[PDB]
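We've got the same protein chain twice here, in two forms, each standing alone as structure tokens: structure 1 and structure 2.
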Structure 1
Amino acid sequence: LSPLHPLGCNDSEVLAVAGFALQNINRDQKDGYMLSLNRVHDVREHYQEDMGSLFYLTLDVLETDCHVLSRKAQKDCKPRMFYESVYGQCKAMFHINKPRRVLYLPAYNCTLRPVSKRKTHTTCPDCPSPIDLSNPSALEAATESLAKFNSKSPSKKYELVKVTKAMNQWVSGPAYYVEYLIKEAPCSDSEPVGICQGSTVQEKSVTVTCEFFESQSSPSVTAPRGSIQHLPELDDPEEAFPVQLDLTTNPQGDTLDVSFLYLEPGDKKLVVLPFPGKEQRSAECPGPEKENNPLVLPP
């Protein structure tokens, strides 16, 4: 819109604010895996001269192998390898006010898809393959791996919560690799306490390892309402990952009260517009991709 000024997707301020917004998104999640920033696809800034700025960000993201509940650092979590890749886009409306040292993510939304199995097969026909999380063999691997893990826990026993990842490959026979969350068995409540990796091969041979969540803080404070949705593969560009982020459908613009961020009690209102479309985009957008390793890139 008229007050929405486009910015270059490679600008330091833009990339820093994008990092803040994405770590806020990750903190706001309690399901799935931590997202990683590949680049800023587009960015518009609404400057408001004492209420700071509001950035309308379009982000190209990749799923890592860290579960969000691990709360690990962005630098201990790398994008998944290409045959199990999950990618898409997030839109975020991020508010920053430098003189007052205020950060806030009033709204976001992400749309992700797993990489097309056809493209994977084209580039690596013998690679491991993701499978449905409800696959009987995946559920069996989870069950038996957790059974073994409990067998070697004298006092504490754990129960399955949900399979979060499943994969099939050939290791001198059919093999299934799964990840799943575990909770403490009633003996404390029914909340995820860790994530386990389970495996079956070939009368099956079983392996199991578990990681328990610990506390973890970084340059990002709060992240209200938003959602991450997972759509199916592309059977076969722009609008491959449709994302709606409309706090207001009013071209006039609405006002959002953010007084809780500032020391004074009242009269701190932020102008919000409908999220800007792809036209009037800076020639420096989209920015340069950070992942150039084809071992982690989607086609």
Structure 2
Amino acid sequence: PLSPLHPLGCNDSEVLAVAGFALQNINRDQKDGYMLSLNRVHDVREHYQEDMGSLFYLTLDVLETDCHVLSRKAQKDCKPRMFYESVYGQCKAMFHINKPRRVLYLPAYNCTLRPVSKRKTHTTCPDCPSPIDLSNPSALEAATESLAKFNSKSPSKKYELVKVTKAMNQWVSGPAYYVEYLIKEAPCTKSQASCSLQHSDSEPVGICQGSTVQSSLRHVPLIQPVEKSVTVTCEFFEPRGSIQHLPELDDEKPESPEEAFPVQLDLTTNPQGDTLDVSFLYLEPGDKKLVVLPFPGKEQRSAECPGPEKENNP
């Protein structure tokens, strides 16, 4: 074939390391949501141009983790989501890497994720908690009720609610909500003291996991029975493309034709290609052209490239 991009394997030491670097830049570009994890590489193409023009056009299979993109935690300290709350999909990305000049760059990426079918998680786990809308009034109530508990423990700091990032519901023996939310530093000391260094505003300072259980069981005597059971835990923080979230996969369909995660990542529609001015490439003021080509199609797989799943549900 006349394809400048060679079809490479998915278990290669190089393709597995460059995919990790590509996933690092995708997570660093996101300012809302939770970080992704590389499960397996679906497809890999390497355009080995001279002077290290590696235009790696890879198709990746990812799984959402429990770390918010603002936490900026390492992939080692980020465990994947449980099966009842999983969010998975595909991430088509193009990555340039210049080995002799020590350069790594992600010119464009595009992601498509879908939450696991709530029907499938209740046939496999009837009493499991399933996610609810982030704009649910009850999730918002659980978020404020839990934040009030953390603020009641705080003896000089107050934290406001920014937004609900994750929301879930189940039945313990009555309503049970499991929310995650961003917290901002409340306006310094209300209207008291010199209040110096008040530049801590409109930016989230951390994320809190909370819960509410409203059941009619195990409680103290009539001497002071409690209404709801609240828990709160807080963890503080210390390019052209997007990740689009599609709805649930097949709850209406009792189950291949449609692309489960249709991703569109084309830099140029022309089959000849185009040049990308990478002038910020090392000390070099000139000689910065990067060769590009339209999105690699199907049927050109390496046969040894489905991808060995590093994280299987069973």
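For numbering, take structure 1's sequence and count from 1. Only the largest set of C-alpha atoms that superpose within 1.5 Å between the two forms is called the rigid core.
Q: Does the distance between the two CA positions of residue 171 reach 2 Å or more between structure 1 and structure 2, the core being superposed?
A: Yes, residue 171 moves 2 Å or more.
Q: Quick one: once the rigid core is lined up, does residue 98 have its C-alpha move by 2 Å or more between structure 1 and structure 2?
A: It does not reach a 2 Å shift.
Q: Quick check: residue 152 between structure 1 and structure 2 - does its CA shift reach 2 Å or more after fitting the rigid core?
A: Passes the 2 Å threshold, so yes.
Q: To one decimal place, what C-alpha displacement in Å is found for residue 28 between structure 1 and structure 2 with the rigid core superposed?
A: A shift of 1.1 Å.
Q: After superposing on the rigid core, how much does the Cα of residue 256 shift between structure 1 and structure 2, in Å?
A: Its C-alpha shift, to one decimal, is 0.2 Å.
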